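Listed in order, the protein sequences are those of chains A, B, C, D, E and F. For the first sequence, my numbering gives the first residue as 35, with consecutive numbering after it. For the second sequence, my numbering gives the first residue as 5, with consecutive numbering after it. For the third sequence, my numbering gives the first residue as 83, with consecutive numbering after it. For the fourth sequence, my numbering gives the first residue as -16, with consecutive numbering after it. For the fifth sequence, my numbering gives the first residue as -16, with consecutive numbering after it. For the sixth sequence, my numbering gives the first residue as 2, with consecutive numbering after it.
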Amino acid sequence: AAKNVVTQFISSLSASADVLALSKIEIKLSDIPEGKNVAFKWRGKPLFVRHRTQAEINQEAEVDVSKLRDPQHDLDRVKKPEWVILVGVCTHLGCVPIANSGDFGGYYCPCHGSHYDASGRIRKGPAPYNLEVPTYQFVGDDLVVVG
Amino acid sequence: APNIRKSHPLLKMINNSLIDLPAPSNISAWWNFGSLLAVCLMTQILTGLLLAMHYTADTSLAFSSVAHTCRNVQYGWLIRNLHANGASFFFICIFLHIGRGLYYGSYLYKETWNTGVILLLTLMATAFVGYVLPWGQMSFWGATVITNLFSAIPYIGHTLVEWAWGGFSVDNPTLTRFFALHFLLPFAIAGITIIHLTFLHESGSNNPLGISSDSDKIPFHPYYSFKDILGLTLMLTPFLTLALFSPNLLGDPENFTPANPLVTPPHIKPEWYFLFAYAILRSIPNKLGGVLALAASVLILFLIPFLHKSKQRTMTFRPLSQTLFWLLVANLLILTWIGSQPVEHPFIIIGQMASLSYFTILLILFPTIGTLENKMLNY
Amino acid sequence: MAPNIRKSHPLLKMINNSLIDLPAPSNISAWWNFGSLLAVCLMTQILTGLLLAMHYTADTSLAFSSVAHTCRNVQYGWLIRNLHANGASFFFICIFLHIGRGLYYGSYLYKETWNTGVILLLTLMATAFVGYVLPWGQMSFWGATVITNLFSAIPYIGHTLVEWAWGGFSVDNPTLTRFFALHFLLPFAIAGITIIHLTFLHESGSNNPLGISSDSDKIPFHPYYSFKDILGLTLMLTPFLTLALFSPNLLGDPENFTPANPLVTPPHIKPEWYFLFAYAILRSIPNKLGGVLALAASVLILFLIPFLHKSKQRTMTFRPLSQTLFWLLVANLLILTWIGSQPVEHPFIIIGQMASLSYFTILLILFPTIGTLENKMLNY
Amino acid sequence: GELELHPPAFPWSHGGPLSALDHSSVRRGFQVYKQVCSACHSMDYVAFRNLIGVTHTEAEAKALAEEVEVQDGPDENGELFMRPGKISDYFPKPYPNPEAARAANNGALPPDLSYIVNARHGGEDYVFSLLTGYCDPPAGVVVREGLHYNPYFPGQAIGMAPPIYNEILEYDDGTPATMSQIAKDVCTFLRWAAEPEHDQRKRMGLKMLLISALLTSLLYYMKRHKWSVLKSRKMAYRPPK
Amino acid sequence: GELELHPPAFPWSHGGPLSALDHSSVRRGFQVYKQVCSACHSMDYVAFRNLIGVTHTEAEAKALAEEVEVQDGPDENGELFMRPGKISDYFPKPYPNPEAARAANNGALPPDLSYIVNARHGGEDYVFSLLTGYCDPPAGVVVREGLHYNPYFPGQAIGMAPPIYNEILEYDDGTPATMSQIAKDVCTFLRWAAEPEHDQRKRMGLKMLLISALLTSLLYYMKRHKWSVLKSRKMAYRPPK
Amino acid sequence: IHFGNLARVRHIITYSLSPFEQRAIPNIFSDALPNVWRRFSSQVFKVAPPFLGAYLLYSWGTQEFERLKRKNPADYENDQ
Ligand code: HEC
Ligand code: HEC
Ligand code: HEM
Ligand code: HEM
Ligand code: HEM
Ligand code: HEM
Ligand SMILES: CO/C=C(/C(=O)OC)c1ccccc1Oc1cc(Oc2ccccc2C#N)ncn1
Ligand SMILES: CO/C=C(/C(=O)OC)c1ccccc1Oc1cc(Oc2ccccc2C#N)ncn1
Ligand SMILES: CCCCCCCCO[C@@H]1O[C@H](CO)[C@@H](O)[C@H](O)[C@H]1O
Ligand SMILES: CCCCCCCCO[C@@H]1O[C@H](CO)[C@@H](O)[C@H](O)[C@H]1O
Ligand code: FES
């Protein structure tokens, strides 16, 4: 009896159903065409899902893994080259980037510069790291489930 | 000292009140309610905090925050049930606790008795303000009906009331202060309870035969620790059976409707445990008299210690007092019933009779029959 | 029963044996005035706290404005708000002087009174921490975010404990509502444990500045200390009110006059002055896990003091070496406080690690060492 | 205006203390609501995700929510906009506010049904009797224009025109949509909307009772075992006399 | 990069611990806000009633509020609608939501001014310096399109074009509206909007100090009076030696 | 009961005057101040030092921080 009552009370304090209901989001890759970045709302913060062309994925390999503050090649970030999914928040002081613009064709944080490439890596600017890459995966050649 | 249960400045306290504490060998089940009341209190505070962590005191979110708690929080519905129904278990236990003391002259322990009356008044205030929080129809109207009674106090009437409301009617500033009060009072109850037991330990417990039990005392543990634990599960069964098989048996369906200041419910009546007082309230047609009669319905308890005439403590060996006692108990069921009925004939007259006999029995008959019985014992 | 009702009565008897006929050392100094100020401080926080609670709304969408409404519409809401917010600092100033006194006079040799005291301090910190979140300003939210995330660094059960505490995935509304509940609750636990604190204390009675038995010279608490303490109350209460009335925001972060915004990190996330020293120690250890432990230890260290006493004398009154070591420590803490308010950059980073390192050295190594050394210099 | 008819007690399959809801009936009752009642009645506290694992599949639920356009926003320019529903959305409100609701129902206000079976004495027995109890006013009684006679409604004049009639819809599970069949199902659904915990609550009641029976017996024996010492105790008075 | 210019300390007439606000200056400051800043800046926490007895007459306040149309509702049909302002209304928001605000200011967001002088280090000294400190960027520095150089703003590139210039408005009290006169007044006003209690708070500080001075001396004497017994006490050791 | 069980004391006499027969703050110049000075003197070199040392460290570190913010002309002497 005790074990149960204690368990129920303890769990009353963990995430409620309405909260879990927003735990993870599933995006349809079919809605996102190449050369065009799309942003969805996940956990109150912007979620970036860009369809990288075989063209952009190339600009990516041409990156000195050892010439970036947060040294990581596309290899370590994505899963399916044609797909880049980032947390739309600058690593500097929390602002939300602007896609396509910037010195490296990726994203530009209008707060203090912070330029991110097509892979979302800090290039020029105050930001320390590169836009975060949240957990996820794919389901069918048209659905991705971030979170 | 040899054993650390006596030397230590803290255990020593736990020992002299729950282990080596001298208890009468013959106390019955009516003595199980103090501990249940204590456990009852720890449980309300516990389930109360768990609910408070999801509640929002704002007229625009109260109702739904409670709904959100029941619908989304893990076991929110269970906690809400237990807290709500726990309030009744609390009162059931408290009325039996009070009864026991009236029937066995425990009130001759004046301080223990008076702190006890204070505990009851605080418990009521707590339940009253707690009831408003969900902000349903009976929540708001109950608040409205009762708080308006006091504008009837001459002079400081409208003042005291408008001060309490924090405005011109029961509104948001009332809700927020009631939440603060509802969170606060239980802690005052816990504190005063310590005093209650402190005065009690001055004398020790009274027993059913009302004679000195110094000749036969037993340690609280294991006799009463076991007796009380048993008494806990025996009561806890009907409690849970109600909260799990008939969650809304005691509640007003009117409270599943968001409060609406422009729609008076047809029957504004309290929870069962207040009905008897609500009856006495309406018995006196005249705003001021009714309020006083209401107040007195509970404050009357402070006079009991002064109306004891018997030469014997309990009513165990007093047959005339015994029936008068059960008349009283029946009197209260009648008032409870009247309180839940509309204000119409025959209920109106029955109400005034029961209200009138209520005070007669306590103020006039009990002390009178007591004296009478003294003569019949040739004393 | 007994002649006077001040001894017989089951309640007055308690009030008498602790505030009137209670035997007090005739020579206790002003450093002994902080206990009563702490008690009064507590009654005042609870009081102003309830008055503010009656107008507060724990919801991310109404918190900030409920507090503004209170300041702007409630009669003297601004005053109460000021007194409560500034009272928190008065509370900590008093507690650090209370702790200091005990360290300097070996009061900690009263182990239980000391340990319940450390518990009072921990509870007071948790209270102020969760209370700080309630207005839901920028530093409210970011402080909550920074600090609570530290624990996701605990092995295995990390992320779990944190997400449990938050009631979700980040500091959000379900965190605010439970923090309000906690903030309302803890102060009462503080009041309760305080009773225990004084109960253990009365077992021995007060220690005094010369650290020798004062049984040969004791005086009743009243009127000597009831007056000394009341005087001590107004002497402190003046700087308090002067601050709360002439410079209301001197100690507060301007960043908190801006509603919390999850998408805008303030440039300098730093605590209230009374937490700075710990924040400094936190950042001294680059490594999420080590820093958290270092942080925890910065306060838990107080539980070890009773075990590191080597001197043959109780106080430091007649221990010149220990006295300078004591003031080094105090200076050490001002430095950490200062470092805690500075950005994490050179020269502050190195200075930070030096002060954090010397902090623990002084309490764990030097104090017990110098103590022994002094025993030898007394030919003991 | 005085005198009221009280509904009878129907034998619902979820009336027993140990009897759950017939989820098949609940699923149908949802359809009734969705296709009939949801036209005027809001149900603010239920969301499509709530159906999953109760009456519908996760796919069915996701589909049901997408049939709805919800208002999201603001966008980049601070504009509101429409979007297809997610299972996290709650059942759509038929009207923006009660003023509009009344405006469209002759100043009458169809209440939210989320807690209706608990907000009314009688519960589902009441709602069922009401839905199937419409009839003509007795002699001497005149119902004002816009109101309909229902003996089960207090005052007998209700602002809701009989909402259901035979075959007013088709149960895609192949059940004969008679009027009473419909009312029966929708009421079962409403019981569920008022308290989703219902089944779990009862399952818990079973465990509570068994453990309660077990634990009380056990504790009775222990209490007795200890007291046996005083219960059987014997004493004697032996003065020097 | 980490370089920043700090404003100087101007001698505001309300800087003294015992010195109140110049209400004449506050009244003017309100005009500036109303006629200039209120175009982009919201001031959510102040209502017209707040001006009464501070800077304006009750009639003036009632007039000022009526110049505004506020959205009330819903009506009988659940419709929103306009109405003239009452003194219980708060100063009007220039935009519906921040998205719209940014939309109209090059993605920049002009913050609510209700607590600005407290939400910024430097307070009114900062706001004054900023308003009157616009100038051209020094060598080597380029301000991106849409931004204006202000040495006092962090990063020196601000999204607010210089808001005030000489005679940009006329003070109906006949004061020479030079640019610095304006900034000085609006800053004073902002001080008041952040803390209306300002004057009362200081008046209270005066009483607190006097009573504090009095009460402390008195209690010092009493403490001393009582202790005098122990302070002057003398003792001696008299063994039967 | 804590008064009467404290210590075994013998042969000590004490003399005291009512508070009304004496002055509250006597001999401020002949006794009080001198002692205040005496007390200050005896402690100053035990308390002051580490606080002075803290101050210096504070000044250095504050200035050293602002100095690192200025530009070193030796980075642009050949940027023609
Ligand atoms: C055309 C809109 C409409 C439809 C469709 C409709 N109702 Fe209603 N309903 C109303 C109105 C209007 C009222 C208000 C009656 C009153 O208060 O006079 C109402 C009231 C109610 C009430 C009882 C109110 C009370 O005070 O007892 C219930 C229960 C109810 N409806 C159930 C249903 C159910 C179940 C359905 C679908 C089977 C349904 N309604 C369909 C309009 C409708
Ligand atoms: C055209 C709209 C507009 C006008 C008119 C205007 N402002 Fe602003 N103001 C802004 C914008 C845009 C910002 C945002 C600046 C940024 O963050 O880059 C701003 C920002 C501010 C800030 C400083 C923000 C900070 O972070 O320090 C203050 C203070 C301020 N304005 C004061 C005023 C005052 C006083 C007036 C009237 C004299 C005024 N503004 C008039 C648009 C305006
Ligand atoms: C929160 C409510 C209360 C708590 C927690 C509490 C608790 C207790 C406890 C634990 C005891 C000892 C066991 C027992 O005799 O049942 C006790 C005894 C007693 N209480 Fe209470 N009590 C409460 C309210 C009251 C009230 C309302 C009254 C009467 C107005 C009262 C009157 C007494 C008296 C007189 C005794 C003596 C019992 C005897 O005759 O031996 N108590 N109470
Ligand atoms: C002496 C103990 C207590 C009593 C008698 C009591 C009684 C009540 C009552 C009568 C209600 C209304 C029940 C209903 O919803 O129908 C209520 C609600 C509530 N109580 Fe308590 N309560 C107690 C302690 C507490 C405490 C200590 C807290 C937490 C600090 C608390 C928090 C709440 C909350 C949040 C509600 C509103 C949510 C709800 O209605 O379920 N209560 N309480
Ligand atoms: C809410 C906080 C606290 C309250 C209300 C409190 C209150 C008191 C009071 C009234 C006394 C007697 C007067 C005095 O000697 O100053 C006392 C003594 C003492 N307290 Fe605390 N205290 C608190 C926190 C602490 C803390 C944090 C410590 C240390 C970790 C502590 C350690 C002691 C000790 C050891 C004594 C003995 C004093 C002596 O040497 O005679 N207390 N406290
Ligand atoms: C140990 C005593 C307490 C401490 C140390 C304390 C500390 C704090 C602190 C640091 C704040 C934030 C101040 C700010 O706005 O900057 C705060 C806010 C608050 N406290 Fe307390 N508090 C205490 C007791 C209480 C109690 C007992 C209540 C009432 C039940 C309470 C209710 C509140 C409320 C409503 C706020 C939010 C409003 C505001 O920000 O002023 N506090 N408290
Ligand atoms: C806010 O209304 C709360 C009610 C309630 O029952 O809470 C448990 C309530 C609901 C409907 C109508 C009235 C209500 O409140 C009350 C309150 C009440 O209080 C007293 C009880 C005994 C003695 C004096 C009073 C008073 N005043 N006596 C009867 N009903
Ligand atoms: C919610 O954040 C509250 C803060 C606060 O200062 O409240 C008074 C706060 C603000 C900004 C940054 C951090 C903040 O919180 C804290 C909390 C904190 O807590 C401790 C203090 C001593 C020892 C251990 C801890 C921990 N954990 N130590 C330092 N800063
Ligand atoms: C008197 C003691 C009563 C204790 C009863 C314990 C029964 C609680 O049992 C509960 O049953 C639910 C439904 O299967 C589960 O979802 C919960 O996890 C489980 O704790
Ligand atoms: C140390 C004790 C200090 C107590 C100081 C009491 C002074 C409070 O005086 C206050 O002054 C305000 C301004 O005139 C008035 O509006 C308040 O009503 C009044 O109470
Ligand atoms: S927050 Fe992105 S550059 Fe600073």
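Cβ atoms here follow ideal geometry from the backbone N, Cα and C, with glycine treated the same way.
Any heavy atom of ligand 7 closer than 7 angstroms to the Cβ of B:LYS273?
yes
Pick from D:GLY142, D:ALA91, D:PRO81, D:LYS76: whose alpha carbon is nearest that of D:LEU113?
D:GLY142
Just checking my contact of A:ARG77 with C:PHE251 at CB under 8 angstroms: how many whole Å lie between their CB atoms?
6 angstroms
Can you give the Cα-Cα distance for C:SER148 and B:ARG84, rounded to whole angstroms?
27 angstroms
Restricting to runs no shorter than 3 residues, where is the beta strand (DSSP E) found entirely within the stretch 1 to 58 of chain D?
Qualifying beta strand (DSSP E) stretches, in chain order: 52 to 55.
Could you tell me which of C:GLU285, C:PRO107, C:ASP335 sits nearest to E:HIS104, measuring between CA atoms?
C:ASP335
Give me the Cα-Cα distance between C:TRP224 and C:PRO402, rounded to the nearest whole angstrom.
44 angstroms
Okay, do the stretch 58 to 69 of chain F and the stretch 428 to 436 of chain C touch, 3+ Cβ pairs below 8 angstroms being the bar?
yes
Of all Cβ atoms in chain A, is any one closer than 8 angstroms to the Cβ of D:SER21?
no
Determine whether the beta carbon atoms of D:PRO(-10) and D:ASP168 lie at a separation below 8 angstroms.
no
Could you tell me if the beta carbon of D:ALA160 falls within a distance shorter than 7 angstroms of some heavy atom in ligand 1?
no
Under 8 angstroms Cβ-Cβ, which residues of chain F neighbour C:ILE433?
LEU58, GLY62
Would you tell me roughly how many angstroms separate the C-alpha atoms of C:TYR361 and C:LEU418, rounded to the nearest one?
8 angstroms
In the DSSP output, which residue or residues are listed as bridge partners for A:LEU177?
A:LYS62
Does the distance from the C-beta atom of residue 241 of chain E to that of E:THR38 stay below 8 angstroms?
No answer is possible for residue 241 of chain E: the residues shown for chain E start at -16 and end at 224.
Using CA atoms only, rank isn't needed, just tell me which of B:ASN382, B:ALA300, B:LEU366 is closest to B:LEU125.
B:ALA300
For the candidate residues C:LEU315, C:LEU390, C:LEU161, whose alpha-carbon lies nearest to that of E:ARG186?
It is C:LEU161.
Quick one: which residues of the stretch 75 to 103 of chain D get their C-beta closer than 7 angstroms to a C-beta of chain B? List them in chain order.
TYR98, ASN101, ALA102, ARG103
Quick one, are the C-beta atoms of C:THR198 and C:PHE282 less than 8 angstroms apart?
yes
Does E:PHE(-7) pass the burial test, meaning 16 or more other C-beta atoms within 10 Å, or should it be called exposed?
exposed
Under 7 angstroms, CB to CB, which of the residues in the stretch 108 to 142 of chain C have a partner in chain F?
None of the residues of the stretch 108 to 142 of chain C has a beta carbon lying less than 7 angstroms from any beta carbon of chain F.
Out of C:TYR306, C:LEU416, C:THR152, C:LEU371, which has the shortest C-alpha to C-alpha gap to C:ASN115?
C:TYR306
Can you pull the chain E neighbours of F:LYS70, defined as C-beta to C-beta under 7 angstroms?
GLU(-15), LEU(-14)
Check the C-beta distance from B:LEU303 over to B:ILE284 and give it rounded, since I have them as a contact under 8 angstroms.
Between B:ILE284 and B:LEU303 the Cβ distance is about 12 angstroms, and since that is not below 8 angstroms, they are no contact.
Determine the burial state of E:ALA42: buried for a count of at least 16 other Cβ atoms within 10 Å of its Cβ, exposed for fewer.
exposed
When the cut-off is 8 angstroms and only beta carbons count, does C:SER234 lie next to chain A?
Among the residues facing chain A, C:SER234 is not included, as its CB has no counterpart in that chain under 8 angstroms away.
Would you give the residue range spanned by the beta strand (DSSP E) that D:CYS170 belongs to?
Where D:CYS170 is concerned, there is no enclosing beta strand (DSSP E), although the alpha helix (DSSP H) it sits in stretches over 162 to 177.
Are three or more beta carbon pairs between the stretch 157 to 166 of chain D and the stretch 112 to 126 of chain D nearer than 8 angstroms?
Using a C-beta cut-off of 8 angstroms, the stretch 157 to 166 of chain D makes contact with the stretch 112 to 126 of chain D, since at least three inter-stretch Cβ pairs fall below that distance.
Any C-beta of chain D sitting closer than 8 angstroms to the C-beta of E:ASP58?
yes
Determine the contact status of E:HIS131 and E:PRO121, defining contact as a CB-CB distance below 8 angstroms.
The answer is no: Cβ separation not under 8 angstroms.
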